[PDB]
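*Asks:* I'd like to ask some things about the structure below.
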Amino acid sequence: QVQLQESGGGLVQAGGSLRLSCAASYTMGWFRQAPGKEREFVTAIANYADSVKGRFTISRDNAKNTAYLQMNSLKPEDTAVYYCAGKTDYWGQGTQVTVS
Amino acid sequence: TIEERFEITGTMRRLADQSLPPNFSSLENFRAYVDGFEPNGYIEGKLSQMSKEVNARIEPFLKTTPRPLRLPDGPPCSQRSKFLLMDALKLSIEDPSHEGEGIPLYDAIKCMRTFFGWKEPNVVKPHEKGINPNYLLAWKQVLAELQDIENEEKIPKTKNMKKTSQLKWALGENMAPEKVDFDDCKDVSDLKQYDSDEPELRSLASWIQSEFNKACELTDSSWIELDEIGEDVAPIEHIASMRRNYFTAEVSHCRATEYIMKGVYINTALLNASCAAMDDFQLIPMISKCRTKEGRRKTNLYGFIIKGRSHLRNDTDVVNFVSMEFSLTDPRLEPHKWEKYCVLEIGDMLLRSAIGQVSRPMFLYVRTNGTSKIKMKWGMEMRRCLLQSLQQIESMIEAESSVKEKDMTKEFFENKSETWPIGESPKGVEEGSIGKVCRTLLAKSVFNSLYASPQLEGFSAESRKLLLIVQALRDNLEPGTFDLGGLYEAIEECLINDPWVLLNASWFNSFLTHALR
Amino acid sequence: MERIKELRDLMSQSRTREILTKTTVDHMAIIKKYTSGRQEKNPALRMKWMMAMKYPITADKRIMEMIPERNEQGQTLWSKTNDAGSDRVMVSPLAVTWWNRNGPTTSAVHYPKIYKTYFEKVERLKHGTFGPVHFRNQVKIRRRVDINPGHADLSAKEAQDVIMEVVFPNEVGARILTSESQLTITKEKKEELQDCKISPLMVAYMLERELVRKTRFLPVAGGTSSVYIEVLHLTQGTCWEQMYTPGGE
Amino acid sequence: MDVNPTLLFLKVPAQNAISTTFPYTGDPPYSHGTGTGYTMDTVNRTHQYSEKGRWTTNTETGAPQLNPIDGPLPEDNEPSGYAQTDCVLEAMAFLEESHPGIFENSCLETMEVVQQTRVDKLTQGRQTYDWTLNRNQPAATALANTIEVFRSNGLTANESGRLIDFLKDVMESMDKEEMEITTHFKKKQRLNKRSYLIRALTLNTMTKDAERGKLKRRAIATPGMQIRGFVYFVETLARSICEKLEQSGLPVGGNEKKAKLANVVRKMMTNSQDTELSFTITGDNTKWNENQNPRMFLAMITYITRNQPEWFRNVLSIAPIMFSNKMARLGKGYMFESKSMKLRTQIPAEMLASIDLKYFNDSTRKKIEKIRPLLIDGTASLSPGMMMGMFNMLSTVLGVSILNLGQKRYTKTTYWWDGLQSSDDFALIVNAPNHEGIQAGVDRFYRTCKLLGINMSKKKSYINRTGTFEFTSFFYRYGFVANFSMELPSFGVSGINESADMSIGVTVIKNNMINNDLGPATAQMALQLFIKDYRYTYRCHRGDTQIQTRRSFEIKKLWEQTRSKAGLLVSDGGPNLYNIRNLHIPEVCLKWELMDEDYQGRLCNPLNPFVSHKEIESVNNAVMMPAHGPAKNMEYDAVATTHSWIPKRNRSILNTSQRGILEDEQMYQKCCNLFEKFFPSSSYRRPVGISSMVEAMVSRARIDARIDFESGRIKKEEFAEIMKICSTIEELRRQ
RNA sequence: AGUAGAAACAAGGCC
RNA sequence: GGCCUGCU
C-alpha cells in the first residue's frame with residue numbers, strides 16, 4: 001500500500017549540501033547503504049546517528065506527504081544509496097548520493 | 001395463612017408527612033400522585049424555561065492555551081529529610097559481616113576509632129533558634145559514653161543514655177502543656193485554639209535539584225544484598241532472573257539504594273527502640289553495610305541518633321530524637337538549606353589526592369528531628385521504590401518487545417542505542433540509556449518516600465489531570481476543557497513550602513515548555 | 001461428664017445464670033460477636049509495632065501447663081496475665097518456635113487428606129512440563145471463569161447440607177440429601193475423615209472450598225480451563241506466553 | 001545536566017508511564033485532631049447550596065429543615081440541590097420504559113429477601129453509632145445493646161428473630177413516652193420522646209484518614225442501628241436494580257468495570273459512521289453527596305414500588321423518611337492551648353451551641369455562627385442532602401437514568417450520548433454529526449443533570465476525542481493500561497499473622513501479576529523484598545546467620561536440630577523456595593515433603609494452644625482496606641499451623657469507666673464455648689430457634705448421655721449421675 | 001525548640 | 001518514691 005520515491009541525490013562536492021526528499025502514497029526513517037555494506041541508520045522522525053548528527057536534519061510535510069533529509073557539510077564517507085522507509089515495512093528504491 | 005403487616009403510624013407517620021416535596025401534605029397524597037403520574041414531556045419544558053447561562057461550553061485547548069504553573073515566592077526552601085543524603089560521610093572497618101549480622105555499638109566504635117584527627121568541637125553554624133551549647137555538650141556526652149562502653153567487658157546490644165538537661169531540651173521533654181478541664185480555665189485571655197492556618201510560603205532553591213542529580217549517580221559499592229529465591233525451573237523464570245540481575249547490576253551502585261538502606265535501617269531501629277525503651281533515651285549508631293568492587297564487605301557509620309520518650313498512642317503522635325552526622329560539606333555556602341541544623345567543627349580528614357593531600361575540615365551536622373509511627377512504618381518500607389521503578393522499566397521493555405517478537409532486554413542494557421529524555425541541559429534536552437532511566441525513576445520514588453506530604457499527593461493528582469490533557473493535545477485528539485482556570489488554581493494551591501513538590505512543579509513547567517511544539 | 005459440670009458451675013454464679021436463662025438460641029450469634037475490640041484499620045502498622053513488644057501474641061491457658069515459663073537462658077515464653085476480653089494469656093513468639101522444637105508431636109499423615117485442594121495443587125505442579133517462551137502481543141480479553149478446579153458441581157447452600165451431614169450428622173435437621181452425587185460424596189468424605197481430629201470447623205470450611213463451585217472475572221488469553229487458570233500468572237503475560245501442561249493431563 | 005523524570009513523557013505517552021505520577025511510596029496524609037470543623041463546614045455547605053428552598057420546623061424533632069425540591073431553577077453553573085420532582089419521576093419512568101419489568105422484578109426479589117431476612121445480618125457490619133452510649137462501637141455490640149434496651153422497655157417482638165420484626169419494634173419505640181438507658185461512671189436514665197427521636201435520627205461524624213489524592217481532609221458519617229435495617233433493604237433493592245443495568249458499574253469489581261467501559265466505547269465509536277464525530281468526557285461530580293436530597297430518593301423508591309404490597313412500600317420508604325430528618329453529631333470537639341499559662345483543654349462539640357466565640361478563629365467563628373441556628377441538643381439538622389454515600393446504589397441508579405435519557409429516542413436530535421456512571425465519577429461518550437452537535441449534546445446533558453440535583457465538576461473534567469479517557473484511576477488509551485501504583489501499598493506484610501501474612505503477600509503478588517500486568521522480574525524482586533521485610537518484621541531470620549534478635553536462639557537450635565533444613569518454614573528460619581511458579585501454593589504444602597516428621601507433627605498439631613477459630617466467616621478471610629477504595633475482604637489460602645495465632649488486643653479498656661464490658665465479654669464467650677461444645681454446629685451454621693440456652697443444653701445432655709451409653713464410654717453410674725445433675729440444674733434455674 | 005499542617009503531638013489517667 | 005495502659 002505505501003509506495004515511496006526518493007529524489008534529490010547526485011554528485012556533490014565535499015563540504016557541500018544536498019536536500020533529499022521522499023514522496024509517498026506513520027513515522028518515517030532515512031537509511032543508507034554504502035557499496036560494501038548493509039543498512040546504516042541515518043535519521044528517523046527526531047533522531048540522528050552519531051556519524052551524521054549536527055550535519056543532517058530530517059523534516060516532514062504531512063500535507064505534501066513528503067519526508068525530507070537536509071544534508072550539509074558533506075563528507076566522502078556519506079557516499080551511499082539513501083533509502084526512505086515507512087513503518088506502522090515499506091522501503092523506497094533509494095537515491096544515489098556521491099560525495100567527493 | 002398469614003399476611004405481613006408493616007404499618008406506618010404514630011410519630012413515624014408525621015415524619016413521613018414532613019419528608020415530601022414542598023407542595024404536598026401527606027404521604028398518601030404524594031403516593032397517589034406518583035401512581036397517577038405519567039411522562040408528559042416535563043423535562044423539555046423546564047429545559048426550555050431554564051436560563052441559557054447554565055451551559056457546559058467547551059473551551060478549545062491549543063498549544064498557546066496552557067500557561068506555566070506559578071510557584072510561590074518567599075524565603076528559600078529548607079531541608080526536611082531525617083538524615084543527610086548528599087553530604088553524608090562514611091567511616092568504615094572492612095569487616096566480613098552482613099547487613100543485619102553484628103552488634104551496633106561495637107561496630108560504630110570500631111569504625112570511629114579508624115579515624116584520627118579529632119579536635120575539640122566548636123560552633124560553626126548555629127541553629128539560629130535553639131541553644132547550640134546544648135548540641136555541643138550532647139556531642140561530647142555521646143563521645144564520653146561511647147568510651148565508657150569501650151572500657152567495660154562486653155559491648156551492650158543497646159545502650160541507654162543519661163537524661164541530662166541538655167537532651168531534655170534537645171528532645172523536647174516536659175514541654176507538652178498539662179491537660180486540664182475547661183471549667184477551671186475560662187478567664188485566661190491567652191486561651192484560644194491551636195494555630196490552624198496555611199503553612200508558611202517558601203520559594204524553591206537550587207539545592208534540591210543538585211541533590212536529586214547526585215541521587216541518580218553511580219557509586220563504588222553495591223548497596224543491595226538480595227535474599228534467596230527458589231531455583232528457577234521454567235524458561236520464563238530464567239528470563240525473569242536475567243532481567244532482575246541486569247536491573248540489580250544497574251541500580252545497586254546508586255545513591256538511591258544507599259538512601260533506601262539508610263532510611264530502612266534508621267526507621268527500623270527507631271521504631272524498635274521506641275516500642276521497647278519507651279521511657280529512657282537510647283543511642284543508635286547509623287550503620288549501613290556495603291560491598292566494594294574488590295568484593296570485600298564493609299561497614300559504614302554515618303553518625304548517631306538519640307531517641308527520646310516515645311509513648312506513642314495515636315498513629316500521629318510524635319517521637320522526638322536528635323540526629324548527629326559527620327560530613328565534609330561546609331555549611332557556609334548554602335546556609336538557607338540548613339535552617340534547622342546546628343553544625344559544629346569536630347575534626348580534619350585526609351583523603352589521598354594528587355594535590356598533596358587535601359586535609360579538609362570535617363563537620364558535624366546536629367539537629368532535632370521527629371517522626372511518628374506511621375512515618376516510621378512507611379520509611380521502613382522504602383524498598384518498594386525499587387519495585388515501582390523497575391516495574392516501570394520492565395513495562396517499557398515488555399511493551400517494546402511486544403513489537404519485535406523477541407526479548408529485548410540484553411540489547412537495551414548493553415548496546416544502549418535507544419535513549420529516553422531524562423533531563424535538560426542548557427544546550428538542550430539530554431537523553432540517557434535505559435539504566436539511567438532506571439536510576440532516575442528509582443531516585444524519584446525514593447524522594448517521594450522521603451519528602452512525602454499532602455502537598456505532594458494533591459499536586460500529583462491535579463497535575464496528572466493536566467498531563468493527561470496535554471498528552472491528548474499532543475495526540476491530536478481535539479482536547480477541550482470546561483474550566484481550565486479552576487484546574488490551574490487547584491494545582492497551584494498544593495505548592496506551599498515542600499521542596500520536593502516545588503521541584504516537581506518546576507519540572508512540570510519545563511516539560512510544558514519543551515512540549516507544546 | 002465434664003461438659004454438664006462446667007454448665008452447672010456457670011449456672012452457680014448469678015450473672016452467668018441470668019445470661020443463660022434470658023438469652024434465646026437465636027441471639028447466640030449476636031452475643032458471641034459482642035466485643036469491645038474494634039476491627040483494626042491499619043493492621044500492618046500495628047503488627048510491625050506489636051512484634052517489638054514482649055508477649056505480643058495470645059494463646060489458650062493450657063499453654064501454661066505444656067511449655068515452661070522460661071527457656072534455657074531465661075527468656076520468658078508466656079505470661080500469666082490474661083488478654084483484655086478473654087481467658088487467654090499473652091505469650092511471646094518464642095513459645096511458637098519452642099513448640100516446633102520440643103513441643104508435643106502427633107501424626108500429621110491425615111492433613112494431606114484434609115487439605116485436599118492445596119496438596120492437589122502441589123501434585124499438579126510437581127508433574128507439570130514447561131515449554132518454550134514465545135514473545136508476541138497477547139490480546140487479553142476479560143471473561144468469567146471458574147477458579148476452583150475441584151468443585152463437585154455444587155453451590156454454596158447445595159453443598160452446605162452435604163458438609164453438615166459429613167461433619168455434623170446430628171444437626172442436619174429436616175434435610176436428607178436426595179441427589180445421589182451428594183450421597184456418594186458423603187460416603188467417601190465420611191469414610192475418609194472418620195477419625196480426623198483437626199477441627200470440625202476447619203474440616204467443614206475446607207470441604208466447602210473443595211466441593212462448592214466459585215467463579216470470578218479475570219483477563220484471560222487462551223486456556224479457559226480450571227487447571228489452566230490457577231497458573232494463569234505463570235502462563236500468560238503482557239508480551240510473553242509460556243506453554244504449560246499441568247501434571248493432571 | 002539536570003535530571004528531570006517528567007521529561008520522560010516527551011517520548012513515552014502519559015498513560016504508558018502514568019505509574020510514575022502516583023507517589024504511593026510515602027506515608028499518606030492523616031488527620032491529627034477533631035473533625036468538628038469539617039463537619040460544620042460540610043453542614044453549612046450543604047445548607048447553602050440549597051438556600052433558595054423553603055424552611056420548616058419539624059413538629060416531632062423541633063429542628064429546622066430546608067426543602068429545596070421544586071425550588072427555583074438554577075441561573076448559574078454553581079452547585080445546586082434544587083431537584084425537580086416531576087423531572088426525576090419522568091426520568092425514572094423512561095428508565096422503566098427502556099427496561100420493562102425492572103422495578104417489578106427487583107421488588108419481588110427484595111420482598112423475598114426482606115420477609116426471609118434475619119436479625120443477625122446486621123452484625124455483619126463495621127463500626128456503627130450506638131446511641132445507648134453515644135459513641136461508635138462494633139455493629140454486633142451496638143445491636144446487642146439496643147436489643148437489651150428494647151427488651152427492658154417492653155419491645156420484645158425482635159425475639160421472633162426476624163429483621164422485619166426488629167424494625168417493627170424500632171418504629172414502635174418512636175411512639176413511647178419514656179425509654180430507659182444505662183450508663184456507667186450503673187445509673188438508669190430516662191429519655192423522653194423527643195430526645196430518643198433525635199438519638200435515633202442522629203449520625204456520628206469522624207475524619208477520614210489514609211485518603212490519598214487531595215490536599216484537604218474530609219469528614220465521613222456513621223449512622224445508628226435503628227436505621228441500618230431499612231438502609232440494608234433499600235440497598236438490596238438498589239443492587240438488584242443496578243444488576244439489571246449495564247450502564248452501572250458500582251455493584252461490580254474493577255475488571256468488570258474495565259470490560260464494560262471497553263464495550264461501551266466500542267459500541268459508541270463503532271456504530272458511529274464517518275460523518276458522526278465522537279467525544280469522551282471524563283467527568284467528576286462536585287459535591288455529589290451534599291446535593292442529593294433524601295426526599296428525592298423517597299420519590300424514586302415510591303415510584304419503583306408502585307403496584308406492590310403496601311407493607312413493602314412502607315418498609316422501603318421508612319429509610320428516606322428518616323434520612324430527610326437526619327441529624328449529625330458535630331464531632332469530638334475542639335482543643336484549645338494557652339501558652340501564657342502553658343496548658344491545654346478539650347471542650348466537647350456539644351458546647352458549641354452555648355460556648356462563647358472568643359476562643360475561635362475567624363473561620364471557625366463564622367462557621368459556628370452560621371451553623372448555630374440548626375443546633376438541636378448538640379447535633380445539627382442535615383435534612384437537605386446526604387452526608388457520605390450511604391445511598392451509593394440509589395445515586396448510581398439516578399445517574400444511570402440520566403445516562404439512559406439520551407438513547408437518541410428521548411434526545412429527538414442528531415446528537416446522542418451514552419457512557420458509564422459510578423457514584424461521583426462518570427465517562428460520557430457523546431456522538432454528533434458536527435462539533436456544534438457535540439456542544440449541544442453536552443450542554444443538554446449538563447442541564448438535565450442540574451435538574452436532578454447532580455452537578456458536574458468543571459475543574460476536574462475534560463473532553464477529548466474518543467480513544468483516550470480515565471475512570472476511577474483506570475486510564476484507557478486504545479485499551480486499558482496497567483498502573484501497579486495503586487496496589488503498591490499492599491506489597492508489605494498485611495499484619496494478620498505469620499502464615500496469613502505469607503500467604504497474603506504471595507497471593508497479592510500473583511494477583512497483581514494476573515491483573516495489573518506485573519512483570520516476571522518485577523514479581524521476583526517483589527517476592528525477595530517481601531521475604532526480607534517478613535523476616536525482619538517477625539524476627540525469623542534464615543537461621544544460618546548471626547543476626548541476634550529476641551527470637552534468634554530458639555530458631556537456631558531448631559535449625560541445628562533439624563536434619564532436612566530445606567523443609568523449615570520461613571517463619572521458623574528456613575530457606576525460601578517460592579518463585580513465579582509457586583506463588584499459588586501455601587508455604588506449608590510446598591515444604592511438606594521436605595519437613596522432618598518430628599517438626600511436621602510439632603508444627604501442625606491440633607492441640608496447639610495458639611490456633612483459634614471463631615466462625616466460618618473468619619477462617620481464612622482477611623480485611624485489607626485497599627488504597628483509594630473501600631474496605632475489602634480477601635480469601636487467602638493457608639494451612640492451620642502453630643503460626644496462625646491471633647495478635648494481642650488493645651487492652652486500654654481497663655482504664656475507662658466502660659470496664660465492665662470486658663467481664664460481659666468473658667462471660668458471653670464462656671457461655672458460647674459451652675454451647676458450642678454442646679452444639680458443635682454453632683459456628684458453621686448459626687443456630688436458630690426461640691428456646692433458651694439451658695433448655696437445649698440440659699436436654700441434649702440427657703439424650704447424649706443416654707445414647708453414648710447405648711454405645712460408648714458412659715456407664716450406668718455416670719448416666720444416672722448426669723440425669724440427676726440435669727435435674728439439679730433444672731431446679732437451680734427454677735430458683 | 002522540633003515534628004506537622006486547616007489540628008494536633010511534644011505521654012494519659014488513677015491515687 | 002511505689003503500681004496501671006498504650007487503636008477504647
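How things are named: the first chain in the C-alpha cells is A, the next is B, and so on; residues count from 1 in each chain; ligands count from 1 in the order shown.
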Where in region 84-327 of chain B does DSSP assign alpha helix (DSSP H), given as a ChimeraX atom specification?
*Replies:* /B:104-113,132-151,165-170,207-215,235-252,255-276
*Asks:* Find the residues in chain E near chain D: any atom within 9 Å counts, using only C-alpha atoms (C1' of nucleotides). Write them as a PyMOL selection string.
*Replies:* chain E and resi 6-9+13-14
*Asks:* I need the chosen residues saved as a PDB file, in the first residue's frame, with C-alpha atoms (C1' of nucleotides).
*Replies:*
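Done, and the output landed in part-v7.pdb:
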ATOM      1  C1'   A E   6      -6.786  23.924  58.499  1.00  0.00           C
ATOM      2  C1'   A E   7      -5.361  20.345  64.328  1.00  0.00           C
ATOM      3  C1'   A E   8      -2.602  18.061  66.766  1.00  0.00           C
ATOM      4  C1'   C E   9       1.978  15.610  69.176  1.00  0.00           C
ATOM      5  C1'   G E  13      -5.405   8.615  83.817  1.00  0.00           C
ATOM      6  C1'   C E  14      -5.925   6.711  88.654  1.00  0.00           C
TER       7        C E  14
END
*Asks:* Can you list every residue in chain A that DSSP puts in strand (DSSP E or B), as a ChimeraX atom specification?
*Replies:* /A:4-7,10-12,18-24,28-33,39-44,47-48,56-61,66-71,80-86,90-91,95-99
*Asks:* Export C-alpha atoms of the chosen residues as a PDB file, in the first residue's frame?
*Replies:*
ATOM      1  CA  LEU A   4       7.946   5.573  -1.826  1.00  0.00           C
ATOM      2  CA  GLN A   5      10.034   7.574  -4.326  1.00  0.00           C
ATOM      3  CA  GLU A   6      13.276   9.289  -3.341  1.00  0.00           C
ATOM      4  CA  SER A   7      14.539  12.464  -5.096  1.00  0.00           C
ATOM      5  CA  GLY A  10      23.565  13.168  -7.057  1.00  0.00           C
ATOM      6  CA  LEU A  11      27.256  14.066  -7.307  1.00  0.00           C
ATOM      7  CA  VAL A  12      28.406  16.739  -4.834  1.00  0.00           C
ATOM      8  CA  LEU A  18      22.099  18.223  -0.513  1.00  0.00           C
ATOM      9  CA  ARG A  19      18.313  18.021   0.056  1.00  0.00           C
ATOM     10  CA  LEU A  20      16.879  14.546  -0.238  1.00  0.00           C
ATOM     11  CA  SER A  21      13.126  14.182  -0.423  1.00  0.00           C
ATOM     12  CA  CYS A  22      10.901  11.117  -0.303  1.00  0.00           C
ATOM     13  CA  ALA A  23       7.411  11.292  -1.727  1.00  0.00           C
ATOM     14  CA  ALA A  24       4.949   8.634  -0.606  1.00  0.00           C
ATOM     15  CA  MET A  28       9.436   7.816   8.544  1.00  0.00           C
ATOM     16  CA  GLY A  29      13.139   6.927   8.526  1.00  0.00           C
ATOM     17  CA  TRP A  30      16.109   7.595   6.287  1.00  0.00           C
ATOM     18  CA  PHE A  31      18.665   4.848   5.932  1.00  0.00           C
ATOM     19  CA  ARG A  32      21.747   4.482   3.775  1.00  0.00           C
ATOM     20  CA  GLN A  33      23.677   1.672   2.128  1.00  0.00           C
ATOM     21  CA  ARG A  39      21.847  -0.858   6.034  1.00  0.00           C
ATOM     22  CA  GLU A  40      23.027   2.072   8.191  1.00  0.00           C
ATOM     23  CA  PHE A  41      20.601   4.192  10.244  1.00  0.00           C
ATOM     24  CA  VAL A  42      20.729   7.882   9.259  1.00  0.00           C
ATOM     25  CA  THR A  43      17.627   9.530  10.716  1.00  0.00           C
ATOM     26  CA  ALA A  44      14.024   8.962  11.904  1.00  0.00           C
ATOM     27  CA  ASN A  47      16.825  11.192  15.969  1.00  0.00           C
ATOM     28  CA  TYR A  48      20.138  11.170  14.071  1.00  0.00           C
ATOM     29  CA  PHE A  56      21.908  16.491   8.760  1.00  0.00           C
ATOM     30  CA  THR A  57      18.259  17.456   9.524  1.00  0.00           C
ATOM     31  CA  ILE A  58      15.089  15.338   8.977  1.00  0.00           C
ATOM     32  CA  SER A  59      11.718  17.010   8.432  1.00  0.00           C
ATOM     33  CA  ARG A  60       8.333  16.158   7.008  1.00  0.00           C
ATOM     34  CA  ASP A  61       5.321  17.770   5.444  1.00  0.00           C
ATOM     35  CA  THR A  66       6.800  14.019   1.955  1.00  0.00           C
ATOM     36  CA  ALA A  67       9.775  13.416   4.254  1.00  0.00           C
ATOM     37  CA  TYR A  68      12.961  15.454   3.694  1.00  0.00           C
ATOM     38  CA  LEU A  69      16.603  14.942   4.615  1.00  0.00           C
ATOM     39  CA  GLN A  70      18.653  18.141   4.556  1.00  0.00           C
ATOM     40  CA  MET A  71      22.302  17.180   4.332  1.00  0.00           C
ATOM     41  CA  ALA A  80      25.811   5.756  -0.360  1.00  0.00           C
ATOM     42  CA  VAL A  81      22.382   4.922  -1.738  1.00  0.00           C
ATOM     43  CA  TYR A  82      19.947   6.727   0.586  1.00  0.00           C
ATOM     44  CA  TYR A  83      16.695   4.850   1.146  1.00  0.00           C
ATOM     45  CA  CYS A  84      13.489   6.176   2.607  1.00  0.00           C
ATOM     46  CA  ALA A  85      11.409   3.905   4.802  1.00  0.00           C
ATOM     47  CA  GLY A  86       7.893   3.846   6.294  1.00  0.00           C
ATOM     48  CA  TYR A  90       7.841  -0.125   3.358  1.00  0.00           C
ATOM     49  CA  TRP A  91      11.112   0.771   1.661  1.00  0.00           C
ATOM     50  CA  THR A  95      18.576   7.632  -4.355  1.00  0.00           C
ATOM     51  CA  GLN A  96      22.327   7.674  -5.085  1.00  0.00           C
ATOM     52  CA  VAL A  97      24.421  10.249  -3.199  1.00  0.00           C
ATOM     53  CA  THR A  98      28.092  10.529  -4.158  1.00  0.00           C
ATOM     54  CA  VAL A  99      30.334  12.943  -2.272  1.00  0.00           C
TER      55      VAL A  99
END
*Asks:* List every residue of chain B that has an atom at most 12 Å from any atom of chain F, giving for each one its closest atom pair and the distance in Å to one decimal, counting only C-alpha atoms (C1' of nucleotides), sorted by chain and then by ascending residue number, as JSON lines.
*Replies:*
{"residue": "B:275", "atom": "CA", "partner": "F:6", "partner_atom": "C1'", "distance": 10.1}
{"residue": "B:278", "atom": "CA", "partner": "F:6", "partner_atom": "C1'", "distance": 10.5}
{"residue": "B:310", "atom": "CA", "partner": "F:6", "partner_atom": "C1'", "distance": 10.8}
{"residue": "B:311", "atom": "CA", "partner": "F:6", "partner_atom": "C1'", "distance": 7.5}
{"residue": "B:312", "atom": "CA", "partner": "F:6", "partner_atom": "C1'", "distance": 7.4}
{"residue": "B:313", "atom": "CA", "partner": "F:6", "partner_atom": "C1'", "distance": 5.6}
{"residue": "B:314", "atom": "CA", "partner": "F:7", "partner_atom": "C1'", "distance": 7.3}
{"residue": "B:315", "atom": "CA", "partner": "F:7", "partner_atom": "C1'", "distance": 8.7}
{"residue": "B:316", "atom": "CA", "partner": "F:7", "partner_atom": "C1'", "distance": 11.8}
{"residue": "B:317", "atom": "CA", "partner": "F:6", "partner_atom": "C1'", "distance": 11.8}
*Asks:* Dump as a short mmCIF file (atom, residue, chain, number, x, y, z; two decimals) with N, CA and C atoms, in the first residue's frame the residues of chain C that approach chain B to within 10 Å, counting only C-alpha atoms.
*Replies:*
data_model
loop_
_atom_site.label_atom_id
_atom_site.label_comp_id
_atom_site.auth_asym_id
_atom_site.auth_seq_id
_atom_site.Cartn_x
_atom_site.Cartn_y
_atom_site.Cartn_z
N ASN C 42 -5.40 -0.27 60.30
CA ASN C 42 -4.06 -0.39 59.72
C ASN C 42 -3.37 -1.58 60.36
N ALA C 44 -0.98 -3.62 59.30
CA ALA C 44 0.46 -3.74 59.10
C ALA C 44 1.22 -2.89 60.10
N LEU C 45 0.76 -1.66 60.32
CA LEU C 45 1.48 -0.75 61.21
C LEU C 45 1.58 -1.33 62.62
N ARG C 46 0.48 -1.87 63.13
CA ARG C 46 0.49 -2.41 64.49
C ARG C 46 1.17 -3.77 64.58
N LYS C 48 3.78 -4.51 62.87
CA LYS C 48 5.18 -4.12 62.94
C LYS C 48 5.50 -3.43 64.26
N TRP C 49 4.49 -2.92 64.96
CA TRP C 49 4.68 -2.24 66.23
C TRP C 49 4.52 -3.18 67.42
N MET C 50 3.59 -4.14 67.34
CA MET C 50 3.38 -5.06 68.45
C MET C 50 4.50 -6.09 68.55
N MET C 51 5.03 -6.55 67.42
CA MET C 51 6.06 -7.58 67.46
C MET C 51 7.34 -7.11 68.13
N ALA C 52 7.50 -5.81 68.34
CA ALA C 52 8.63 -5.28 69.09
C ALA C 52 8.41 -5.34 70.59
N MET C 53 7.23 -5.76 71.04
CA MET C 53 6.93 -5.92 72.45
C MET C 53 7.25 -7.34 72.90
N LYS C 54 7.31 -7.51 74.22
CA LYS C 54 7.39 -8.84 74.81
C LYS C 54 5.97 -9.33 75.09
N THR C 129 5.03 -29.91 32.94
CA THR C 129 6.10 -29.84 31.95
C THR C 129 6.03 -28.48 31.27
N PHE C 130 7.11 -27.70 31.37
CA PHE C 130 7.16 -26.39 30.76
C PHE C 130 7.56 -26.50 29.29
N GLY C 131 7.50 -25.36 28.60
CA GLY C 131 7.87 -25.29 27.21
C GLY C 131 8.53 -23.97 26.88
N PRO C 132 8.83 -23.76 25.60
CA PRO C 132 9.49 -22.51 25.20
C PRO C 132 8.60 -21.30 25.44
N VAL C 133 9.24 -20.17 25.71
CA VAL C 133 8.54 -18.90 25.88
C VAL C 133 8.47 -18.21 24.53
N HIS C 134 7.26 -17.85 24.12
CA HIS C 134 7.03 -17.19 22.84
C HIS C 134 6.66 -15.73 23.09
N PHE C 135 7.40 -14.81 22.48
CA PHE C 135 7.21 -13.39 22.69
C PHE C 135 6.36 -12.82 21.56
N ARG C 136 5.12 -12.48 21.88
CA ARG C 136 4.22 -11.83 20.94
C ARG C 136 3.09 -11.18 21.72
N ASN C 137 2.52 -10.12 21.15
CA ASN C 137 1.47 -9.39 21.84
C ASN C 137 0.31 -10.32 22.16
N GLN C 138 -0.15 -10.28 23.40
CA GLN C 138 -1.26 -11.11 23.86
C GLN C 138 -2.51 -10.25 23.98
N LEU C 234 1.51 -17.62 35.53
CA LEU C 234 2.76 -18.17 35.03
C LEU C 234 2.75 -18.46 33.54
N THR C 235 1.57 -18.63 32.94
CA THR C 235 1.47 -19.00 31.53
C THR C 235 1.21 -17.81 30.61
N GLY C 237 1.28 -13.49 30.00
CA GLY C 237 1.82 -12.21 30.41
C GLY C 237 1.45 -11.08 29.47
N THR C 238 2.14 -9.95 29.58
CA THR C 238 1.83 -8.81 28.73
C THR C 238 2.32 -9.02 27.30
N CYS C 239 3.52 -9.59 27.15
CA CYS C 239 4.10 -9.79 25.82
C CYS C 239 4.77 -11.15 25.68
N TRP C 240 4.45 -12.10 26.55
CA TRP C 240 5.08 -13.41 26.52
C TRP C 240 4.07 -14.47 26.90
N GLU C 241 4.17 -15.63 26.26
CA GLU C 241 3.35 -16.79 26.57
C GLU C 241 4.25 -17.97 26.90
N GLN C 242 3.95 -18.64 28.01
CA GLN C 242 4.73 -19.77 28.50
C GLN C 242 3.85 -21.02 28.43
N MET C 243 4.11 -21.87 27.44
CA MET C 243 3.34 -23.10 27.31
C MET C 243 3.54 -23.98 28.53
N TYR C 244 2.44 -24.50 29.06
CA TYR C 244 2.47 -25.29 30.29
C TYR C 244 1.39 -26.36 30.22
#
*Asks:* Check every residue of chain D for an atom within 6 Å of chain B, counting only C-alpha atoms, and provide those that qualify as a PyMOL selection string.
*Replies:* chain D and resi 1-5+7-8+23+25-27+29+69+75-77+87+90+175+213-215+295+311+321+324+336-338+342-345+359+443+458-459+462-465+520-522+528+546-547+576-579
*Asks:* For the atom pair CA of residue 448 (chain D) and CA of residue 300 (chain D), what is the interatomic distance in Å to one decimal place?
*Replies:*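 Straight-line distance from CA of residue 448 (chain D) to CA of residue 300 (chain D) works out to 16.6 Å.
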*Asks:* Which residues are close to residue 2 (chain E), i.e. within 9 Å by only C-alpha atoms (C1' of nucleotides), leaving aside same-chain residues fewer than 4 positions away? Reply as an MDAnalysis selection string.
*Replies:* (chainID B and resid 170:172 320:321 340 367:370) or (chainID E and resid 10)
*Asks:* Go through D:659, D:715, D:734, D:648 one by one, measure the shortest atom-to-atom distance of each to residue 59 (chain C) using only C-alpha atoms, and give the residue with the smallest value.
*Replies:*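 Checking each candidate against residue 59 (chain C), we get D:648 as the closest.
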*Asks:* Any idea what the distance is between CA of residue 288 (chain D) and CA of residue 65 (chain D)?
*Replies:*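 Separation of CA of residue 288 (chain D) and CA of residue 65 (chain D): 19.9 Å.
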*Asks:* Please compute the CA of residue 140 (chain C)-CA of residue 470 (chain D) distance, one decimal, in Å.
*Replies:*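 Value for the CA of residue 140 (chain C)-CA of residue 470 (chain D) distance: 19.5 Å.
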*Asks:* Could you make a table, as JSON lines, of the residues of chain C that have an atom within 10 Å of an atom of chain F, each with its nearest atom pair and distance in Å to one decimal, counting only C-alpha atoms (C1' of nucleotides), in chain and number order?
*Replies:*
{"residue": "C:36", "atom": "CA", "partner": "F:8", "partner_atom": "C1'", "distance": 7.5}
{"residue": "C:37", "atom": "CA", "partner": "F:8", "partner_atom": "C1'", "distance": 7.9}
{"residue": "C:38", "atom": "CA", "partner": "F:7", "partner_atom": "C1'", "distance": 7.6}
{"residue": "C:39", "atom": "CA", "partner": "F:7", "partner_atom": "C1'", "distance": 8.9}
{"residue": "C:40", "atom": "CA", "partner": "F:7", "partner_atom": "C1'", "distance": 7.1}
{"residue": "C:41", "atom": "CA", "partner": "F:7", "partner_atom": "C1'", "distance": 8.4}
{"residue": "C:42", "atom": "CA", "partner": "F:7", "partner_atom": "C1'", "distance": 9.2}
{"residue": "C:46", "atom": "CA", "partner": "F:7", "partner_atom": "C1'", "distance": 8.9}
